[PDB]
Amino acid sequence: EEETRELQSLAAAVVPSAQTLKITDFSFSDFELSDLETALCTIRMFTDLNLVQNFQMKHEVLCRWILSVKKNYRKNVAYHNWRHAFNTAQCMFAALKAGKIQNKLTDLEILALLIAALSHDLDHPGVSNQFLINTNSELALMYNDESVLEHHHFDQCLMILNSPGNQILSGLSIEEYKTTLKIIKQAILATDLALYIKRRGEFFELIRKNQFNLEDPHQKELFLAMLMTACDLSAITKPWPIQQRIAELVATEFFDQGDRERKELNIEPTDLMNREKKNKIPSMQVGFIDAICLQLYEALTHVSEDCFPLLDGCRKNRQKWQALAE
């Protein structure tokens, strides 16, 4: 069997060190890596966060789970594919390690964040929540138009975690498992950008008034939400060649949706979804950095000064895009 062969080869392979895989670097790139290499990188992330040892994960089970996750991202979507999910998880790993965020959270929270990052866009169809709503998608009906995609992504995450041979959370007690799934669900739902915009104000105000308290459960959940967003948008902080390449992937998906909107729904798409504005991608990226990213990475920097490289990377990309916009 082909799938059996893939798993037996992965499970028997040595897992290279974090150093060799460069996964502790905020400026990490997956572009020269094969699919197998990304899976090995993923095993190393779980291992170096002590999740394998601390939660008694069988090596074969972890390997099968990673392959299942990778297989459940679509191969015909330009941006919302396995590489995006993988890069999101690596940014989380780098934030927890080099960003020194791991000392502020428990092992169970770290377990949930890593799983959530890897699973956060599972089976993404390559269209937005609003498009699914306006086209009467079965997903929109099921989730009452609320964070439609994100609910779908969590459902897929749950489906995989429960499938035979993929149960990486079998070592958790029933109480721990209930708790972990709740954190994972909230973390995936947090990647809905509409929710980030809605709640970012409370987070920023807590930092401004020196009242940020991670012992408060509401604020802990809030922080996990902002971290998920920070990881999800982290391509905007990457070295220029990586950000230029990724931005074109994002535009590819957006423009394709816009073409469907114009033809099937008879509506003029917004600028970000309108192919006529391809020449304005630089101004649109600067606009996205100013409205969303800058303040998020500034806030994360106040939380942990070792997260400064994310803010620095974001600022450098704004300079690069603004030069092309002028």
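Residue positions are given as counts along the sequence shown, with the first one as 1.
Of the two stretches examined, 88 to 96 and 203 to 211, the record assigns the greater average C-alpha temperature factor to 203 to 211. Of the two stretches examined, 263 to 271 and 287 to 295, the record assigns the greater average C-alpha temperature factor to 263 to 271. For the set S68, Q53, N279, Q257, the PDB entry assigns the largest Cα B-factor to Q53.
Comparing C-alpha B-factors across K238, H151, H120, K75 in the deposited entry, the largest value falls on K75. Residue-level temperature factors show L33 in the highest third of its chain, judged at the C-alpha atom. In this PDB entry, the Cα temperature factor of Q8 sits in the middle third of its chain's modelled residues. Annotation for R83: CA B-factor lies in the middle third of the chain's modelled residues. When the modelled residues of the chain are ordered by C-alpha B-factor, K220 sits in the lowest third. For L161, the recorded CA B-factor ranks within the highest third of the chain. Only modelled residues enter the ranking.
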